Structure formats: structure tokens, C-alpha cells
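Right, one structure below, let's go through it.
For neighbour counting, all protein chains shown are included, and Cβ atoms are generated from backbone atoms with ideal geometry for every residue, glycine included. Rule-based calculations on the coordinates, nothing more; no lab input.
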Amino acid sequence: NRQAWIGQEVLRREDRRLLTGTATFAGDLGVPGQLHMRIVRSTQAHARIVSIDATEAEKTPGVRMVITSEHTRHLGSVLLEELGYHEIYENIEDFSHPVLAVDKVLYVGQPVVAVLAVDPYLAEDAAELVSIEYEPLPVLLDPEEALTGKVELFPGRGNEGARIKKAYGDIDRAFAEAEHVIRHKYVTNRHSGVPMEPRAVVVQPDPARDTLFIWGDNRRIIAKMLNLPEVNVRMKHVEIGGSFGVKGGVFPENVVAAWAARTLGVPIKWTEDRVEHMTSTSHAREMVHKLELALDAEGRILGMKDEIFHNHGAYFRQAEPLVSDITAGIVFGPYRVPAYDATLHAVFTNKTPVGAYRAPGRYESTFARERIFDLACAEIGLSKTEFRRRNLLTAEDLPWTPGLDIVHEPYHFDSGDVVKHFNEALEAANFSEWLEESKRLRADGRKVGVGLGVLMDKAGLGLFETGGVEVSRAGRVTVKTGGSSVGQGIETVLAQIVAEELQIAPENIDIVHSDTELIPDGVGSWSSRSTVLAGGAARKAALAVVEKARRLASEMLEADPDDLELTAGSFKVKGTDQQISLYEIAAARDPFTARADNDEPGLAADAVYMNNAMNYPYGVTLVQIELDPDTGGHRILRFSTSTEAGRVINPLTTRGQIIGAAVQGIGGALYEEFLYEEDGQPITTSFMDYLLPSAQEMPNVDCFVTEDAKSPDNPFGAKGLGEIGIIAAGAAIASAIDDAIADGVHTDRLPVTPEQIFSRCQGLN
Amino acid sequence: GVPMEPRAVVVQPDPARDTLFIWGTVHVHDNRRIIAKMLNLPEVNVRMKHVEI
Amino acid sequence: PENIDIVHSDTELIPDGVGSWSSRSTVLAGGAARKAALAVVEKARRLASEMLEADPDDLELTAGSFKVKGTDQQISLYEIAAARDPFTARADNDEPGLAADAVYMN
Amino acid sequence: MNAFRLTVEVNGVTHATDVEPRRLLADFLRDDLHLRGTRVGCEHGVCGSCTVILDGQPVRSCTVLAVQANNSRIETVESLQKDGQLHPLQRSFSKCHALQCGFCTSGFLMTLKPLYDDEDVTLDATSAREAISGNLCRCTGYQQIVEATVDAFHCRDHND
Amino acid sequence: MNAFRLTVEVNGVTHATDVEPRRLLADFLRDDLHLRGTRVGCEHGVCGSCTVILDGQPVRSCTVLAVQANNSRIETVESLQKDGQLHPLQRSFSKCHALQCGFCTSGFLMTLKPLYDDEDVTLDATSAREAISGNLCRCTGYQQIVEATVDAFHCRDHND
Amino acid sequence: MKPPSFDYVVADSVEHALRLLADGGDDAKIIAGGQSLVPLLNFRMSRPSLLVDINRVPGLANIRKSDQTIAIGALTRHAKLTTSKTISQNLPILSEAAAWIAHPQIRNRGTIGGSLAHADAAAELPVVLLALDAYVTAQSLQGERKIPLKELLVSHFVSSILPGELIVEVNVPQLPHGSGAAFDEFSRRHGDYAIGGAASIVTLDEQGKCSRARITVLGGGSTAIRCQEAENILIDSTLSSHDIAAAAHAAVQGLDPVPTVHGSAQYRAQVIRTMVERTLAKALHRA
Ligand SMILES: Cc1cc2nc3c(=O)[nH]c(=O)nc-3n(C[C@H](O)[C@H](O)[C@H](O)COP(=O)(O)OP(=O)(O)OC[C@H]3O[C@@H](n4cnc5c(N)ncnc54)[C@H](O)[C@@H]3O)c2cc1C
Ligand SMILES: Nc1ccn([C@@H]2O[C@H](COP(=O)(O)OP(=O)(O)OC[C@H]3Oc4nc5nc(N)nc(O)c5nc4C(S)=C3S)[C@@H](O)[C@H]2O)c(=O)n1
Ligand code: FES
Ligand code: FES
Ligand code: FES
Ligand code: FES
Ligand SMILES: [Mo]
């Protein structure tokens, strides 16, 4: 008894909305009297301006207004980042547009002028007729060239970013006290999420002395910039079709809409062009890694070291530089790392401003390490596999409060690896491995590679996440959460968590989120967070309603008692002779002096909050590629990513996340890169140039490989999972490829083009 | 009473079925309580919106 | 009273209310507004004594702001609220009511 | 600038309306026909979501001007469910968790529809992958979609 | 069968649109010229709210087919306010609590407007009552409106 | 995303169509499938005055074994080219070559006529048809021209059709009883526009000798390219792996590929390939 919901494969709740076409997306929304906004974007990567005032735009009948920087710059001021640490240097500098520039332009894609028309067709029609005068300026593109003069983006003193360092232990005496010392410079891609739904915003004003309705919890910024609070929100629920952390938080488009909607009293709608997306929204992944590694004759780590240059694009969106702070923290992953120097540069170039793409800073760092490792396993010749076996964790030496300035991720305080044992994962997660080894039977199959992933999932986040549970009348329960449905099946995970604690089928739980009128406060869903956090809320609330019932349903009948048999949906009393249902309690107590539910997280002293939650997941990725030595095409024959994580709330949907995440990473490993011509012009703007993975190329195979080892210290002990699938997809492919020629682990620059696989007969000469 | 504004109602359903929006003027606009019970879809999910009367 | 806006009949913000009939809404809903505004003054004046370091006695205390002493310094009523951000909390009141109700008119 | 009188049968329902020629079929179907089921992701016949049944053949609602559909039958993801019941494809798509966001669902489902309704062929994992390949997704890795389609075709044919 | 093209000036902005002849001016001035300011209470030239300025003369937007208003200047309650500053009539109406609900406010205000703008006459309580009499209110009743109008005409003329 | 404004007229027949655009006119364009024109409009990369939808003209989607040739109407979808008369060791090669064109949903509305008059440097049908020594009859108001495929293909996105002059039919020399035909293509993603690809056909003299062979190239210059002198290397030969490799090595030496984000100049040319080598290989198998 009764049965269990948590840990069970339950068909998710969001499905039916999306399958039938009942599901509303921001772009689907229509409002009478609408103005369609088209934004005139930059065509120069770097330039000052002498804009026209169309005129010839405003002249075209059906055009109501054209917004220049004249309007938006007074005000609100520049976009406003977030909490609340990191205020240790002083930006602006950036944020982004902000909100429209009539001084300098800093990337092709930057919003300059917005038009407002009756239909979206007349919008783009008239936006063309706008003419902007430009004076080109020296174009920055390389992260290294960025910091060493001579060209500048913020011509004051600024001038090019933030410097983030972390160190402790003696790095150098470890480097002095070592035989073998290893060096190399790795360079990583520029991707983003590129989800299937482009950005979209609809704003409806209540022009009568009131508010704004917004469809598309960071109300907080818009409210502030417009000086419109007390909110006065009013963010409305719409389903989202892929964030991957790209859709982030506040954009320039977000605030222009609100301003214009406010100062006109006219419904304003904006839906993004795909070409716009590829040039306007959160870029990521672009990092350079200098890496020094010290070794004893045994081959254990004595310390890591060197510089990282993050190409933040042109401005500071979100992350701010949360990502850049995180990256400098966890380049060491899951290892014995006595000491290291980690110094990071957040730099700017004339490119689309950077946000937090799925596992930001983890794909990037995880590459550089598992590639500086394969290289030591080349230079000492010791086996690539048992290097990691010799040299990951301290099985016994846990808690492991790290060496260097750590944890500081992003901050306060500690931290360490208390999550389960590392290796008997790597050990046990080798179903199929060593017979995947038996190659070539002299052939053309060539590849085998490994990658490892710790994740600062958890990112408390934090400190809290609101929740709430309502049982009432008609046989259903309504759960309010601070989180957001983005596609990960959050509305289901909670539905299980609640159902388990409430003794009622999940087909009866409905979940409400992201309706700010209903939910006055909450954090979103970031760095693999909410299941522990927003689930811990739902538990706390569902644990409160049961005490509201099983103590004030004690009085509705006799007696205290207090009793055997706690629940089967109701409460049979002191034996199996009959009872009060759980809905009947709720049905009784509404006009009679009180209200029949709970939103226990939380009060002035917070709740639910799982506090600086550490909670580091971990695993391996295993890859076997086949190469065609000329053509340089490839067929990934076998793929299996591994993960140890807490309890795993739903096996079915967790599998989706893991598999899904990997394909994004594999896409990043061999398909996706934002390319730019010498003058800063973006090249990969359509879909034919930016290659997303398709059905045929991807492995028919992806092995779910999850293990429930020691649970952390956050109830029902769980972990973040929606970001671990991707982590190592870079490092494993690259090592697999270099094993696949061979001539040894000497690949740096990602992705891996077939033209690069033209080492073909430079293998014969 | 014969007031100047005659009676008027507007209902928009969220076919995601979760909810229902009523810019109708039902005069205790907190008597969704009746409509809820009647329709057997209670009790939030019948979210009432403010209008002038 | 210019700076004050009033929201009503929007059951997402207001999950529970009685309504308006039989010449009532002032002592009832105005009586609600009172002990709400009287819940902030404690939530605020208490919270303001912690913000500076002076205990809850001062000058007599209205601007709306907070004059301790006579006549050095001051903390406005809005800055108090703006300060209670995501610092572990929340800067508001809604005390009517619970089990054994509120407002109480019987 | 002179509107064209269009006549189209959508999901059995006939329609008569003036449209300007330049309006894309996708935008016509969404507005004012208010079937948001059809979704738009790319803008040049790639993303997939775009996809609709035109006269029995799956085509992109986004590389076709609305005016080009005059006197023709069109079906969207809205037409699948009949009388509360989800059409087998949708049912198995949920059974295998073949969707996450929602976007790449109209596209795939409508591509698969005429293939389903016609008596051949089987769809095995390999031939299944090639079928959906005309549609892109950024969430599932197709693995489950490929698994989802296959399931739909087994309860279809070899049914017990 | 029959569409009609309107060329009407409304509150300054000229509009061109095709409307079916039977649509009443009131309905036209609220859709799709979303100027909800004009309000509709009775349905036969009585309630008052209905009232709009047509070509300088106050007429009921409700006993006039929208089509009859072609090539004419029309003004509604939206047109009083000029850059934030409420038109004095609106001010004295609030200064004297001449309105409680809102409905009988477009009607009266628009009735009083051309009377105001033209240099004559004074409006004393007796002549004030006769002026507004073409509009009904169920809330005031009139005492304060009559008091409101008079006030508006004193700051107008003798004015310190 | 949104197109510019333009006018639209449904063509009832060939002549009536040819008339409709002429007086249109000047920069009036015809529209069949839409699959290249409509995307261009969405990018506002072509702004015509009026469109003439020939897509409903009744006598233009035919397939015919006519005489010594095979007749194909201009409105013939690629979708049909995959599943058709295409039998008899006279496939002859098309359904394999038309199979590489994107995805079913595009193939379902695309037409052979338009695909030619558009003529992308990576358009597949031209490459494979030039290997079949194609013959396009482009009827216009004044007369009826017949353009060999060597002359039709001018440049990237450019054909030898004077404004007007609508492609009506495509004819092909039937070939060869008996012979072998194969087409292959390389692209980072299947169905995408290729980096490099080849179309080669060989006819064999009883038993092992060869009598005639024709070879073409995708991604060569701005158009499909005859490898004429590589063909002479093949002809009269044993067809070993010593003449195929030699033919291919000489089937490339004259090319000027244009670099792309996916392709370096020499790579592209070096990816003209072994597309030749394995296409010639697959041409021969008892075929
Ligand atoms: C995602 C995607 C991938 C694609 N991949 C490929 C590919 O790999 N290879 C490939 O070859 N194509 C590809 N195409 C498109 C390709 O151009 C189509 O096969 C072709 O456009 C079919 O449509 P159509 O011939 O009717 O020309 P449409 O553009 O559909 O119709 C109008 C076009 O016909 C042209 N035209 C001019 N004169 C005539 C005439 N006399 N008769 C008929 N039409 C004429 C016009 O120039 C105009 O461009 C792809 C398209 C998309 C959206
Ligand atoms: N069915 C599930 C879903 C999630 N989780 C885990 O529990 C937490 C609940 O999810 P959430 O708090 O939303 O995690 P994130 O905020 O990090 O978002 C999920 C993750 O993975 C994603 N999956 C996505 N899937 C779809 N279809 N669309 C997106 O936009 C998605 N965006 C994301 C993004 S962003 C990330 S980073 C996550 O740590 C996740 O790892 C789980 O155990 N079981
Ligand atoms: S978006 Fe129109 S076809 Fe993919
Ligand atoms: S869930 Fe985002 S596309 Fe499938
Ligand atoms: S309703 Fe038209 S005048 Fe009263
Ligand atoms: S009409 Fe109700 S207040 Fe005057
Ligand atoms: Mo994320």
C-alpha cells in the first residue's frame, strides 16, 4: 500500500495540449487593435550613426508610429542584469541594446529602430524604407585581440570585460615538484540553443489608470525600468517551445513593447524572424583555454592552471557574467585537483551577446580537460581509461571541499563533493565498453572515446522556490509553482511528487505556473534546479494540507483518534468502517469562517529553500564513430552517455532529457558553428548554413545508464539532470576521432568538419 | 433599477482546459462560486477579471 | 490618496471577497484596509528600527517616512519596501483573515 | 493591391474569404482561421512544424502562398482527434514520450498521417527514421519519435 | 451583396473602410475604430450616452446608420483631452462630482461641448438644466451636473 | 519573413499564360511549386510586379515514352520522378538522383521545369540530366525553341531563357540496352545541398569492353559540368581500377570550385572525387 508515483514512468501531463492544438504559444495570441512591431536591426558589426527620420516609413499608410532611440533612451536606461552578486566591478558598459542605440552599434543584429503597423506585412514593408547613415569602425572578432588594445567597444575607460580569478594550495611548488608537465591551447565553438519557437512577445495595456498584461517572473526589470510597479505586472502564462537557457530573461524587444504599449494604450505584438534569432539571441560556447597540467611519475594530478577567454559577444545579458564566474570555477570537474590558478577573461567582440545555453561553461571546460588528459595519456603513454580510473575522486576522502578558491560557485559558500562515489560509476557504467574496443579487425571504423561530466546544476537558485497546493470541491487538485514549463515535463514531475504525498492519482492534479497575478513571487527554472527546489515546495505544501486535513478532519467526525490507516484518498477511521473523503473536507470549509488549502512556501523567514544547494551529478559518455577517409563523412555507430543522479523522479521523461541533451551536444561537436566574415557580417543566418541534427545522422542508439547511488542531503535526495546529457558530447567525440586515424589526440578547434577529416592521406604522404 | 449599462458578459476559455476567463460583470465577481459548482469545474480555473460597471 | 491605487474584482489577485450590496463596503472593506495598512506600519516601523539601529521610539513618525530624534535623518516608506527584495523576504501585508476570520463584523 | 477571393475546404469545413495574394498559407491558417495547431519555426521549408496535408500530400504551409490553395482540401493537426479520442498517432506519441516543447509535433504528425492511413508499409526503426527526417526537433533526439512511430504501426497492423 | 466604403473624419483622424450598410454609427465608432468612449444604453435615441458630435451638431450615434456619416467630421469624448490636460468640462465634472458610474458622461460632455466652445451663452442653473435635459442619468440626479456645468462656464467667462 | 506586395493571376492554359505575364509585365514572374520563388519572397530577395500561377494548366504534368525519347512535362513534381514509369533498365537514373533532393514535403510540390529555369549551382536534376544529354522545349509566344542542356545551363541561378519563353517539356535519349547508371552525392546532412556529387553512366560492349560513357559533376563551377575528356579515357577500355581512378583524376584537373562555409576550394574539387570513382563503380554491376 498504496502504490508509488515517484520514480515511476508516468505519461506526462503537457502532452494532450500540444498534440491536439489547444496549446497556446506567444505567437498564437491575437488581440483586437493590435500593432505589429517590426524592428529595424543593425547591418554594421561596428559603427557610429547619423540616422534618418523616416518619414518614408511613417508616410506609408497603416503605419501608426516609429520608435527611435529618441523615445526609449529617456527612458528606461540600459537593461539591468540580475542579483546581486557580481556587483564587484561596475557595468554598464553593458547591458544590451539598451534599449536602442543612436550612438554606436556593436553587432549585426542590434535593434536600432522599431516600427508599428496594422499587420506584420506592412511592418516589414515600411521598416525597409528606413535609411540609417553609418560610419564603419575597426571590427573586433578574436577574444585575444580584444583585451590587448588597440580597438575598443566602450570607448571610455571600461573597456573590455571582467577578470575572474580563483586559486589556492601551492600551484607552483606542485609544478616544480613534478616530472611531466603538460600544455595546450584549446578553442571552442559558437553555438546557442536555436529552439524551434523563435522569440515572441504580446503586451496588452489596461490603459485606464492601471497595468500591463505580458505573454512570453522577471517582470522585476521591466517594472523597474518603466517605474511602473508595484506590479502592476502582469505576466501571463503561455507555453514555451524550447529555452535551453537561450530565451533567458530580458531582451530589448521585451521592454520596447512594454514602453510602447504603455504610452499608447494599444495592444502590441511581436514575433521574431528566424534570421533575427540567429543574429539577435543568446550566443554561447565561444571560449579559448590555455591549460597547464602537472604530473608525478605515477600520473595523478598535482594541479591545473591557465587562462580562459570567453567571447561574451557585444554585451552583458543573462548570464551576467554568472556563466563566466561558473566556468572559472569548474574546469577541474570530478578529480583530485590539489591546487590551481584559473584566470578568466570575459571579453567583448562585435557579435550577438551571450546567454546561458544548456549547461553553460560545462561543454566548454569539459572539452579542454578531457583533451588535455588524452594528451597526457599520449605523452606518458599510460592508458587513457585508467588515467581517469587512477585519478578521479577520493572514494574515502569525502566530503571533499576543493582546493583553489572554492567552491565560490557562484558564491557562498560550501560545497564539496558529498554526492556519491565517482568510479564504481565509471566502473559499473561500462556495460558494453571493452568489447566495443575490439577493433579494427583491420578496417575503417577507427573510433573510441571518453568524456566526463560534473555539473553545477543546483545553482541555488536559490535561495528558494515558491509552491502551493489547492484541493477543492470537484475531484481535482491545483498546484501553483514558481517554475516554468519549457518542455522538460515540470508540470508532470510535480504532479507525481504531489500525488505521492497526497494519495491521489496524478490524472487529477492540474499544475499552474507563470501567472504572476496568481503567483506573486518566484524564481524561474535555471541551471537544472527546480525538481529539488520547486518540488520541495510542492512537498512542503502537500505536507501542510495533509496536516490541515488529518488534524481538522479529525474534528469533523470523531475522534482524535488519532489513528491507524492514514490515507487511501480519504481516511477510513479506526478500522475500515467508513470515512470522510479528502475533497469533502475541502467542500465543507469555505464560507464557514475559513479557506480550505495551503501555500506553505513560504514566510518572512523563507520557504521552501534548499539553501546554496550543492548537489553535483556526474558521469561518462562513450562514443564509437566510423569515418570515411575521404570523404570525411562519419557514422556514429555506438553512443552511450552515463549519469549518477539522486532518485530520478520519472524514468521516461528523464530519458528524453538525457538523449535530447546529447544530440544538442553532438550537434555542437560536428555540425553547429556561428560563422562570420572578416567585416563582422554573420554568415550562418538561415537554416541551410546552421546545421541542426536530423533523424538520419543521429545514433539510433542512446543508452540510458542512470544509477541511484548515495542521495544528497535535500529531501528524497535528488539531483539536476536536464543538462548532463550534453556535457561530454564534445570531449568524447574528439578523442574518438583522434583514436580514429590515429596520430594522437592533437585536435583542438571544434567542431570537426570533414575538411578537417582531410588528414586522410596526410596519413599516407 | 434600470441602470444605463445593460447587462453584458464576455467569456474566453483557455482550451488547455485548465481555466476560464470571465470579463462578465457578475455582481459579486467572487460568485464564480456558483458557476464553478454548476459547471463542475471548480474553483480557481474560473478566474474572474475586472471590468467597470 | 493620489499615490494609492485600488484593485478589485480580479479573482486571481483576490481569491476571496464577499462583494458590495446593502450599504456595507466601508466599515467592512475599509475596515480590512485599515488593519492591512496597520499591519505594514508594524512590518515597516519594526523593520525600520532594524534598518537603522534606533529602537521603535523616535520623533512621531509620518511623512510617510521615518523621523527618529528631531531632526537628523530619515528613511522613506518606499525605500524600506524596495530594500525588502529577494533578501530572504517580502515587504507587504494582507492580514484579513484566517480561521476565526477577519475583518470581524458579526 | 487588389484582394483575391479564395475558396478552401479546411478540415471538412468550407471557407470563402478575400485575401491579398502575398499572404502565406501558414499565416492564413493561423489567422483568422484560428487553428494555431500549425506552427512556424524556420522560414524556408526546413523546420518541419510548418507541415500540413495539402490535397493528401504533406507540404510546407510556409513555401506556399495562401492563394495557391484555392479550391483544395487542407488538413491540420486539429483534424486528427475525433470525438474526444486522440488519433492513434497522437496516442502512441504520448505513450513513448515523443515530444517535449510541442513545436515539432504538428509537423511530424501530419507528415506521418497519409503514410499511416494507406495500408503500406510497415515502419521499422531504419525506415521510420527516413520517414520523419523531413522534420527537425531540438528536444527528443528522434530516438523516442522513431520508437513512437513504430509503436503506432504495430497496433495498426499485426495488432495482437 | 453590398459593401459600402466610408470616408469619415473621426476626432481628426480620417478613416477609409468598407462596412455593411445596416451597421449603426455607434457600433462603427466602437468597432473597429476602437473608441469605446461612446457608450450605448437605450436603443432609440433616449439614454444619452449614445451622443456624439456630428459636423458640429450633437446627434445620437444610434439613430444614424454608420453609412449616413460619409464625408463628415465626427468627434467623441476621446477628443476632449488635449495632451494630458482634461478639457475644463471634464475638470468641473470631477470638481463637482457630476458623475458616479460613468455611462452618462460621454453623452452629457459631448452635448455640452459645442455650447461651451461657442462664445454664448452663460449657463445659469435654470438654463443649464434645459441644456443637459436631452440626456438621462440614474445616479446624480443632475443637481451636481447642473452645478458642474455652471462652474465650467464661470472659469470660462468671468474668470477672476 | 513576410513577402512584398504583388498581384496574382491563375493561368488557364499555355498561350493565355504566356500572354498574361507579357503585358504584365517587364518584371512579372511565373510561379509553379513555389519552393524556390516563395522562400526568395520571404527573404524579400525578389520583388516581382505580378505572379502567374501556371500550376493549374492541364496538359503539363504528363509522362510519355514518345518515340526514341522520354517526354516529361515541366509541371512534373520530383515526387513523381521517384515513383513512375521509371523501369526497364531505363530508370534510367532519375529516381535515384531525385531522391537526394531535400525531403518528401518539398519534392511534393517542386517541379522539374522550375528547378531547371532556376538552376542553382547545386541543383541535382541538371547534373543528372546533362549526363543523359537532355533536350528542353521552351514554348513562347513567337515560336517554340529547343535548348540542349549544355546551352540551357548558363550560370548560377541563370538560364538561357529570354524573359517569357516558358519551359514546357523535357526529353531524354532513351539509352542503351544494356548498361549501368548510378548517382551519388556527399553532404554533411542527408538531403542537403551537396558539397560535391557525381553522375556517371557507362554502356558495355559484349562482354567487358565499353562503347559509350558520359560523366557530369555537381559543385564544379557555377553549373553542372561535362567531363568530356575523362569520358575518352574510359571509352574502349577494360574498366579496371586503373582507368576509373585515372578517369576521375583527370575528371577533376580543370575545375574552379567556389569556396563555401562547408567547403574549401581544393577540398570541394577533391570532393568531386571518388563521387566519380564510386559512381562509375556502381554503374558497373552486371549492368
Ligand atoms: C529545405 C529545402 C531544400 C531544398 N533542397 C534542394 C536540393 O537539394 N536540390 C535542388 O535542386 N533543389 C532544392 N530545393 C528547391 C528546388 O529549387 C526545388 O526543387 C524547385 O524550386 C522546385 O520548384 P519549382 O521548380 O516549381 O520552382 P518554384 O520556385 O517552386 O516555382 C517558381 C519558380 O519557377 C521558375 N521558373 C522559371 N521559368 C519557368 C518555367 N518556364 N516553368 C516552370 N518554372 C519556371 C522561377 O524562376 C521560380 O523560381 C530545396 C528547397 C527547400 C525549401
Ligand atoms: N522529467 C524531468 C524533467 C526534469 N528533471 C530534472 O529536474 C529539474 C527540473 O527541470 P528544470 O528545473 O526546468 O531544469 P532547468 O531549469 O535546468 O531546465 C531543464 C534543462 O533541460 C531542458 N530541457 C528542455 N526540454 C525541452 N523540450 N525544451 C526546453 O526548452 C528545455 N530546456 C531545458 C533547459 S534550459 C535546461 S537547462 C531539472 O534539473 C531536470 O534535470 C527530471 O528529473 N525529470
Ligand atoms: S517553417 Fe515554413 S516549412 Fe519549416
Ligand atoms: S520539444 Fe522542442 S522541438 Fe521537440
Ligand atoms: S442609445 Fe442611441 S441614443 Fe440612447
Ligand atoms: S448614470 Fe450611473 S452614475 Fe450617472
Ligand atoms: Mo537551461
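Details
- Looking only at residues of the range D:61-101 that are charged (D, E, K, R) and out of contact with any strand residue (DSSP E or B) (no Cβ under 6 Å at 6 or more places or on another chain), we find that the one that is nearest to the other protein chains (Cβ to nearest Cβ) is D:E78.
- Spans of strands (runs of 3 or more DSSP E) in the range A:87-184 with at least 3 residues under 21 Å from A:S324 (Cα atoms): A:162-165
- Search result, residues across the range F:232-264 that are over 20 Å from A:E755 (Cα atoms) and within 14 Å of another protein chain (Cβ to nearest Cβ): F:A245
- Residue count for the range F:55-94, restricted to those that are within 15 Å of ligand 1 (Cβ to nearest atom) and closer than 19 Å to F:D184 by Cβ: 4
- If you filter the range A:716-733 down to residues that are closer than 22 Å to A:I497 by Cβ and assigned to a loop (DSSP other than H, G, I, E, B), you find that the one that is nearest to ligand 6 (Cβ to nearest atom) is A:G722.
- Top-ranked residue in the range A:231-256 [being among the small types (G, A, S) and away from chain D (no Cβ under 14 Å); ranked as farthest from ligand 5 (Cβ to nearest atom)]: A:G248
- Each residue in the range E:127-152 was checked for being surrounded by fewer than 20 Cβ atoms within 10 Å (Cβ to Cβ), of a type in the set (G, A, S) and in contact with a helix residue (DSSP H, G or I) (Cβ under 7 Å, 6 or more places away or on another chain), and 2 pass.
Residue by residue, here is whether (1) near ligand 3 (Cβ under 6 Å from one of its atoms); (2) among the small types (G, A, S); (3) crowded, with 22+ Cβ neighbours inside 10 Å holds:
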position: D:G41; (1), (2), (3): yes, yes, yes
position: D:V52; (1), (2), (3): no, no, yes
position: D:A66; (1), (2), (3): no, yes, yes
position: D:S72; (1), (2), (3): no, yes, no
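- For the range A:469-490, the criterion of being surrounded by 23 or more Cβ atoms within 10 Å (Cβ to Cβ), assigned to a helix (DSSP H, G or I) and away from ligand 3 (no atom under 16 Å from the Cβ) is met by at least one residue.
- Test result for B:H29, touching a strand residue (DSSP E or B) at 6+ places or on another chain (Cβ under 6 Å), within 8 Å of another protein chain (Cβ to nearest Cβ) and either surrounded by 15 or more Cβ atoms within 10 Å (Cβ to Cβ) or of a type outside the set (S, T, N, Q) (or both): yes
- Test: residue in the range E:103-111 that is within 23 Å of E:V13 (Cβ to Cβ), among the hydroxyl-bearing types (S, T, Y) and either within 16 Å of ligand 4 (Cβ to nearest atom) or touching a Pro at 6+ places or on another chain (Cβ under 6 Å) (or both): yes
- Residue ID - nearest to the other protein chains (Cβ to nearest Cβ), chosen from residues in the range A:490-513 that are small (G, A, S) and within 15 Å of A:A538 (Cα to Cα): A:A495
- A count restricted to the range D:44-80 and to residues that are within 16 Å of D:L109 (Cα to Cα), away from ligand 1 (no atom under 16 Å from the Cβ) and part of a strand (DSSP E or B) stands at 3.
- Qualifying residue in the range D:85-98 (condition: closer than 23 Å to D:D118 by Cα, loosely packed, with under 15 Cβ neighbours inside 10 Å and not acidic (D, E)): yes
- The sole residue among A:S570, A:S530 that is surrounded by 20 or more Cβ atoms within 10 Å (Cβ to Cβ), closer than 30 Å to A:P651 by Cα and away from ligand 6 (no atom under 16 Å from the Cβ) is A:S530.
- For the range A:34-57, the count of residues that are exposed (fewer than 15 other Cβ atoms within 10 Å of the Cβ), within 14 Å of chain D (Cβ to nearest Cβ) and not aliphatic (A, V, I, L, M) is zero.
- Residue ID - farthest from the other protein chains (Cβ to nearest Cβ), chosen from residues in the range A:628-650 that are assigned to a strand (DSSP E or B) and crowded, with 23+ Cβ neighbours inside 10 Å: A:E644
- Pairs where the first residue, in the range C:44-69, is farther than 15 Å from C:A82 by Cα and the second is acidic (D, E), C-beta under 6 Å, 6+ apart: C:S49/C:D55; C:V68/C:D58
- Listed by first and then second residue, the pairs with beta-carbon distance under 8 Å, at least 6 apart or on different chains, first residue in the range D:36-49 and within 16 Å of A:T684 (Cβ to Cβ), second of a type in the set (S, T, N, Q) and within 16 Å of ligand 2 (Cβ to nearest atom), are D:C47/D:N135.
- Residue match in the range F:108-129 (condition: away from ligand 1 (no atom under 11 Å from the Cβ) and out of contact with any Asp or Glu (no Cβ under 7 Å at 6 or more places or on another chain)): yes
- Extreme residue, nearest to ligand 7 (Cβ to nearest atom), among residues of the range E:110-126 that are outside any loop (DSSP other than H, G, I, E, B) and surrounded by fewer than 23 Cβ atoms within 10 Å (Cβ to Cβ): E:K113
- Criterion (touching a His at 6+ places or on another chain (Cβ under 7 Å), away from chain D (no Cβ under 14 Å) and within 16 Å of ligand 2 (Cβ to nearest atom)) met by exactly one of A:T466, A:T481: A:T481
- Residue identified as closer than 19 Å to F:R56 by Cα, facing chain A (nearest Cβ under 9 Å) and either surrounded by fewer than 24 Cβ atoms within 10 Å (Cβ to Cβ) or within 14 Å of ligand 3 (Cβ to nearest atom) (or both) among D:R22, D:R36: D:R22
- Residue list for the range D:87-109, filter: polar (S, T, N, Q), part of a helix (DSSP H, G or I) and within 16 Å of ligand 2 (Cβ to nearest atom): D:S94, D:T105, D:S106
- Among the residues listed as F:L75, F:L50, F:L41, the single one being within 13 Å of chain D (Cβ to nearest Cβ), closer than 30 Å to D:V40 by Cβ, crowded, with 21+ Cβ neighbours inside 10 Å and not basic (K, R): F:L41
- Candidates in the range A:597-627 are the residues that are more than 21 Å from A:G536 (Cα to Cα) and among the aliphatic types (A, V, I, L, M); of these, the one that is surrounded by the most Cβ atoms within 10 Å (Cβ to Cβ) is A:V623.
- The criterion of being over 20 Å from D:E130 (Cβ atoms) and over 17 Å from the mean Cα position of the chain (by Cα) holds for F:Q68.
- Residue ranges of helices (runs of 4 or more DSSP H) in the range F:106-166 with at least 1 members β-branched (V, I, T): F:112-118, F:124-130
- Residue in the range C:5-27 that is of a type in the set (S, T, Y), under 18 Å from the mean Cα position of the chain (by Cα) and either within 14 Å of chain B (Cβ to nearest Cβ) or loosely packed, with under 15 Cβ neighbours inside 10 Å (or both) present: yes
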